[PDB]
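Structure 1 and structure 2 below are the same protein chain in two forms, each given by itself as structure tokens.
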Structure 1
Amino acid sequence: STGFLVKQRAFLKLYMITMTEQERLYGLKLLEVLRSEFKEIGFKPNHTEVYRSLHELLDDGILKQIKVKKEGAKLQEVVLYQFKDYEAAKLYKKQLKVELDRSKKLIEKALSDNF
């Protein structure tokens, strides 16, 4: 790694953690929320990148899955997430904060040097 901008998977993983802190949404739901938030800026993530993020967090041991099966009128069989190790999540958030700041700097320097 030459140390360029932050990767999308990491950027999304950051958002998966924050959303596990504030809500209980499943994959396609996270994807829908995310697309809506970024529709204006132009970023349109797909479902496989969101799943990759969520699953990477499972492997990192930060999240744990909760299989849910809501029965009745509108059958849903989704997967919800919660923290398995919030401390490791906090640490991931801090690392990502450093990655995001460098990134902001890299873009500022470029805006400054070419325009």
Structure 2
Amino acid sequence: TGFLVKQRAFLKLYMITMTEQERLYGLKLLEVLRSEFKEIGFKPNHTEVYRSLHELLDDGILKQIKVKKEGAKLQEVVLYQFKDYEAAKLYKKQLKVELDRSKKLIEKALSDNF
């Protein structure tokens, strides 16, 4: 039940999958996401990406593993890993439901109005 999936939920999904694939780093993040959706036409908002990431952090799903760049003064390389992988898979499942409902909704609108 509900309308379509929200943008934060959508981005959080990708971040969880990326973490699953050991490819979730802080630096490339926004750029990697934007590059992933420029073909279709979606440009992930800057603050949306940041808020998605931190909600996953504050909610205890992800945690940040850090290593210092021996080449740059201050700041580090941030790798994200699961802190609570069970919670993540639970989230993923909820998201699957949202995505399926969204698809149906969009499809119905296309056939009903066009």
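Numbering runs along the sequence of structure 1, starting at 1. So that the term is clear: the rigid core is the largest set of C-alpha atoms that superpose within 1.5 Å between two forms. Residues that one form lacks are left out of the comparison.
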item: Core fit, then residue 23 C-alpha moves 2 Å or more between structures 1 and 2; value: yes
item: Is_shifted residue 88 between structures 1 and 2 (CA, 2 Å cut-off, rigid core); value: no
item: Did residue 67 shift 2 Å or more between structures 1 and 2, C-alpha, core superposed; value: yes
item: Shift in Å of the C-alpha at residue 76 between structures 1 and 2 after core superposition; value: 5.0
item: Backbone CA shift between structures 1 and 2, residue 41, after core fitting (angstrom); value: 0.7
item: Rigid-core superposition between structures 1 and 2, with residue runs of at least 3 whose C-alphas all shift by 2 Å or more; value: 23 to 28, 66 to 69, 73 to 80
